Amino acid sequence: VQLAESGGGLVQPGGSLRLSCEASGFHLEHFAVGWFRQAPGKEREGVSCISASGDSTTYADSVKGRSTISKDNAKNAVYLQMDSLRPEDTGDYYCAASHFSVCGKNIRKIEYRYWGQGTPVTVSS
């Protein structure tokens, strides 16, 4: 019961990038799912999250317009499209599963149970 993590690293300020995760271990239908970024010198923060179904997803304000998030029940996977990247969105990126189906307005690391292992992104000159 672990979570695979994919998505590239090095990109130039303004580009785009897609991050993905495969649910090798448990089924994924009935659990909400979230994405968390951790930059050097900071503690993990929520970026976006999706309901167990597709009822509605929530985003952090800074990437609010930029990123969009999706979920596939067939491939058992979840994706995060991040466009117009800033030189600040750089750091390790993680995925996790919630205990509840609902995806709350605010994002708390407490609700999410699986993690591991981390795919790094870097945005610089």
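All residue numbers are counted from 1 along the displayed sequence.
Of the two segments, 38-46 and 96-104, the one listed with the higher mean B-factor is 38-46 (C-alpha atoms only). Ranked by C-alpha B-factor against the other modelled residues of its chain, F26 falls in the highest third.
For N76, the recorded CA B-factor ranks within the middle third of the chain. Only modelled residues enter the ranking.
Annotation for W115: CA B-factor lies in the highest third of the chain's modelled residues. For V63, the recorded CA B-factor ranks within the highest third of the chain. Only modelled residues enter the ranking. Ranked within its chain, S20 lands in the lowest third, by CA B factor from the PDB record.
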